[PDB]
Every structure is written in C-alpha cells, then in structure tokens.
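Data block below; observations after.
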Amino acid sequence: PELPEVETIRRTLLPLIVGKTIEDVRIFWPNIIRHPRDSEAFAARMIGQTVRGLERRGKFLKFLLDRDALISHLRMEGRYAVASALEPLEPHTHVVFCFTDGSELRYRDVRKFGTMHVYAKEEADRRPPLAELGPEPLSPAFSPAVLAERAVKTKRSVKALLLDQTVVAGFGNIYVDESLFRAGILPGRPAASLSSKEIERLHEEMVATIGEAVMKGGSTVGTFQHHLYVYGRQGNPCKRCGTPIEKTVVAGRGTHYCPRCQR
DNA sequence: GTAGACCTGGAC
DNA sequence: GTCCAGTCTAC
Ligand SMILES: [Zn+2]
C-alpha cells in the first residue's frame with residue numbers, strides 16, 4: 001500500500017463511518033497499539049467519541065474524532081472493512097471499533113506489521129510518526145528544488161532517496177520503480193550524479209505517475225496495474241523497446257528496470 | 001549499504 | 001523445503 005492505494009481507501013471508507021459514535025474498542029494483538037502504550041488506555045479514551053472526518057498524510061490514514069485523532073499505517077498488508085457486529089469475524093482480525101448503531105469497523109493484517117497512534121488533534125502533527133514527514137507530492141510544496149537540495153548532498157542510490165519519507169511522502173516500491181523508468185534513470189546510480197535536467201524530468205514523471213495512479217484507483221496485484229512498465233514484469237519485453245526487463249536488489253528491495261531505456 | 005526483525009501464507 | 005512480498009535496529 002502506497003499513496004494511491006491509501007487515498008483510494010480514504011475516499012471509499014469516509015461515507016461508511018462519518019457520523020457514527022464509538023461504543024467499544026476490542027484488541028486481539030496488542031503490539032499494533034503504539035500510543036498510548038497501554039492497550040487498555042487506548043480503548044477507554046475513544047469510547048463516546050464520534051467520527052467527524054478522515055484524512056491522509058503520506059501513507060498514513062488520519063481518523064478525526066471529537067478531541068482525538070487516530071493515526072494508522074497499514075505497512076504491508078493492513079486493510080479496513082465495515083460490517084454487522086452480529087456476524088463472526090474473518091481470519092486475522094486484530095482490532096475492532098464497535099459503533100452505537102450496531103455496525104463495526106474491522107482491521108485485518110495477516111503479517112501483523114501495522115501501527116496505530118492516538119493523540120489530541122492539536123498534537124498529532126507535532127509528534128511522531130507524522131512530525132518528520134516530507135511534503136505531499138501533489139502539492140506546490142514539492143518542487144524540483146526540494147528534490148535537488150537533498151540529492152546534491154548524498155551519494156546513496158537514487159532509489160534509496162525516493163523511498164525516504166522525509167524527502168517526499170508517499171512513494172513505495174512500485175511507484176519508485178515506475179517513476180525512474182519513465183524518467184530514464186537507473187535505480188542504482190548515486191543521487192548526487194544526477195544532472196539538473198535529470199532532476200526536473202524525474203520530478204515531472206513522479207507527479208504524473210502518482211497522479212495517474214490515484215485516478216485509476218491504485219494498483220491491484222484499482223486498474224493501474226494494466227499501466228505498469230516494469231514492476232513485476234521481469235523476463236517480459238519492455239513496452240517501449242522490446243528489451244527483456246531485469247530484476248535485482250537495490251536499497252534492500254526487489255528492483256525492476258529496462259537496461260536500454262534507463263541510464 | 002546490508003543481513004536480521006517483526007510474521008504469515010502462497011508459488012515452485 | 002526454499003524464496004518472495006514498510007520500517008527499525010545493529011555491526
Ligand atoms: Zn526499454
């Protein structure tokens with residue numbers, strides 16, 4: 001789950017929960033709760049509060065209640081669904097919010113990597129994990145200049161730079177690989193080796209790629225999966241030149257690229 | 001930069 | 001049986 005997928009969840013989930021009041025909060029895997037550390041305090045404070053809105057910051061979902069804000073990160077497999085509280089739960093359900101109208105919001109996560117933090121609204125943006133996030137890619141706050149200031153000071157791979165949420169917030173393995181192919185830049189090259197022209201081109205493709213993915217409802221692996229040039233296509237012909245797509249390891253992640261179209 | 005952690009189930 | 005799928009620590 002990257003920005004496009006999280007933004008899709010935010011849009012579809014909002015009307016299904018806005019205006020409902022919390023009656024109970026049940027937790028089956030405590031490690032997911034990060035703040036307050038004590039699961040009992042986490043549950044108690046939300047009882048009686050009403051859902052007023054749902055926003056997104058980077059790859060995080062921000063549930064807006066009365067006094068508090070619930071900050072949730074899905075990591076690799078987290079997912080949400082709304083259903084009747086009278087039916088048996090599905091496998092791997094670790095947290096459930098029960099509403100006064102008999103419906104409930106369920107959180108499932110097979111690998112158990114997800115996290116949840118609760119803070120008073122006016123403290124959320126000034127505390128971890130939101131405090132140190134970079135700017136939103138689809139906002140004027142993200143420009144070629146911002147990307148250069150960070151790139152010109154480090155020799156780490158350009159892919160490692162784009163995956164750093166403090167540089168820009170929202171890109172993950174799929175959209176970093178896709179943006180670099182569109183820009184014609186190899187993922188393993190030093191960020192400082194990029195020319196001014198290459199930085200402007202990369203910025204342009206990053207905004208175009210992420211924006212297009214949001215419109216298509218994200219990648220299901222949504223319909224953006226039908227528009228991928230390299231992710232998951234190792235061994236198949238490049239859609240632009242016909243050369244076989246390759247896969248290696250960069251910045252500790254599986255990496256896909258075309259040896260002819262990219263640097 | 002690069003294995004090891006946190007964790008579980010599918011593909012070969 | 002062995003390999004593969006967002007972020008933190010540790011040498
Ligand atoms: Zn190509």
Side-chain angles (χ1 to χ4, degrees), chain A residues 1-10 27-35 39 56-62 70-78 80-81 89-95 106-117 127-131 133-134 136-137 150-151 154 156-180 186-194 206 209-210 213 218-220 222 224-225 228 230-236 245-257:
Chain A
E2 299 170 49
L3 188 156
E5 292 75 32
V6 180
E7 180 56 37
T8 295
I9 290 170
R10 173 187 157 295
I27 299 143
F28 310 112
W29 192 251
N31 285 175
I32 292 170
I33 301 169
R34 305 303 182 83
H35 187 279
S39 294
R56 176 195 60 69
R57 179 71 175 97
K59 300 171 185 174
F60 296 86
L61 282 173
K62 191 190 304 177
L70 166 60
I71 304 168
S72 173
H73 196 303
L74 309 305
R75 287 303 175 87
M76 293 298 285
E77 289 187 48
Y80 283 99
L89 296 171
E90 300 181 305
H92 303 299
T93 302
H94 302 129
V95 185
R106 307 173 179 177
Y107 178 75
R108 297 176 70 189
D109 189 344
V110 178
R111 303 181 71 187
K112 300 178 174 184
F113 292 173
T115 67
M116 292 180 183
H117 291 74
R127 298 265 290 182
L130 302 183
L133 291 177
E136 288 292 320
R150 288 286 289 166
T154 185
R156 60 175 176 174
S157 70
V158 64
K159 175 164 181 171
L161 182 75
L162 267 36
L163 294 166
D164 191 329
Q165 302 302 293
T166 66
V167 175
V168 59
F171 290 74
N173 214 35
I174 295 178
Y175 303 112
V176 165
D177 278 8
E178 291 295 312
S179 291
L180 282 298
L186 289 168
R189 57 183 304 183
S193 75
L194 279 57
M206 282 178 76
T209 298
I210 217 71
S219 295
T220 297
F224 194 82
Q225 64 277 187
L228 299 173
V230 296
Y231 186 83
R233 304 190 66 253
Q234 58 268 37
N236 292 323
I245 298 304
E246 312 192 322
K247 185 181 182 180
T248 61
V249 179
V250 179
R253 309 298 298 286
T255 309
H256 315 74
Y257 65 95

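In what follows, chains are A, B, ... by sequence order, proteins preceding strands, each numbered from 1. Keep in mind that the numbers below use all heavy atoms, side chains included, and drop hydrogens, waters and symmetry copies.
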Does C/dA5 have OP1 or OP2 sitting under 4.0 Å from an N or O in the side chain of A/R111?
no
Aromatic-base stack, A/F113 on B/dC7, cutoff 5.5 Å, angle under 30
no
A/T248/A/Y257 under side-chain hydrogen bond (donor to acceptor under 3.5 Å, both in side chains): CA gap, chis, key distance, verdict:
CA-CA 9 Å; A/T248 61; A/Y257 65 95; 4.7 Å; no
Could you check whether A/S219 and A/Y231, counting side-chain N and O atoms only, form a donor-acceptor pair closer than 3.5 Å?
no
Given atom CD of A/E77 and atom P of C/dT7, what is their separation to the nearest angstrom?
15 Å
Rounding to the closest angstrom, what is the interatomic distance between C/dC3 and B/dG4 at atom P?
12 Å
With a 4.0 Å cut-off, would you call A/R108 and A/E77 a salt bridge?
no
Given the options A/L186, A/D177, A/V176, A/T255 meets side chain to side chain contact (heavy atoms under 4.5 Å, CB included) only with A/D177
Using a heavy-atom cut-off of under 4.0 Å over every strand shown, decide if A/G172 touches base, sugar-phosphate, or nothing.
sugar-phosphate
Distance, rounded to the nearest Å, where A/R34 contributes CZ and C/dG6 contributes P:
16 Å
What stems involve DNA chain C, if each pair must be Watson-Crick or G-U and both of its distances must be under 3.5 Å, with 3 or more such pairs in a row?
B:4-6 with C:6-8, B:8-12 with C:1-5
Sub-3.5 Å donor-acceptor pair from the side chain of A/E178 to the main-chain atoms of A/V230, do we have one?
yes
Taking atom P in both B/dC6 and C/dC11, what distance in whole Å separates the two?
15 Å
Over how many whole Å does the gap from A/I71 atom CD1 to C/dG6 atom P extend?
19 Å
With rounding to the nearest 0.5 angstrom, report the NE2 to CD distance, A/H256 to A/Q234.
4.5 Å
Give a yes/no answer on whether the side chain of A/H73 brings an N or O atom under 4.0 Å of OP1 or OP2 in C/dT7.
yes
Nearest-Å distance for atom pair CD/P, residues A/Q234 and C/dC4
11 Å
Inter-nucleotide P distance (B/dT2, C/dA5), Å rounded:
16 Å
Send over the distance from A/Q225 CD to C/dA5 P, rounded to a whole Å.
18 Å
Once you round it to whole Å, what is the distance between P of C/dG6 and CZ of A/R57?
17 Å
Between P of C/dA5 and CG of A/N173, the distance in whole Å
8 Å
Which one, C/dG6, C/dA5, B/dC7, comes nearest to the side chain of A/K247?
C/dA5
Do the side-chain N or O atoms of A/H92 get closer than 4.0 angstrom to the phosphate oxygens (OP1, OP2) of B/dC7?
no
I would like to know whether A/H94 and A/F28 meet ring-ring contact (aromatic ring centres under 6.0 Å, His included); could you show each step before the answer?
CA-CA 5 Å; A/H94 302 129; A/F28 310 112; 8.2 Å; no
So A/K159, base contact, sugar-phosphate only, or nothing? Heavy-atom distance under 4.0 Å.
nothing
Whole Å only: how far is the NZ atom of A/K112 from the P atom of B/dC6?
12 Å
Taken to the nearest 0.5 Å, the spacing of A/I210 CD1 from A/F224 CZ works out to 8.0 Å
Looking at A/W29, does any N or O in its side chain come under 4.0 Å of the phosphate oxygens OP1/OP2 on B/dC7?
yes
Could you tell me how far C/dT2 sits from B/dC7 if I compare only their P atoms? Round to whole Å.
23 Å
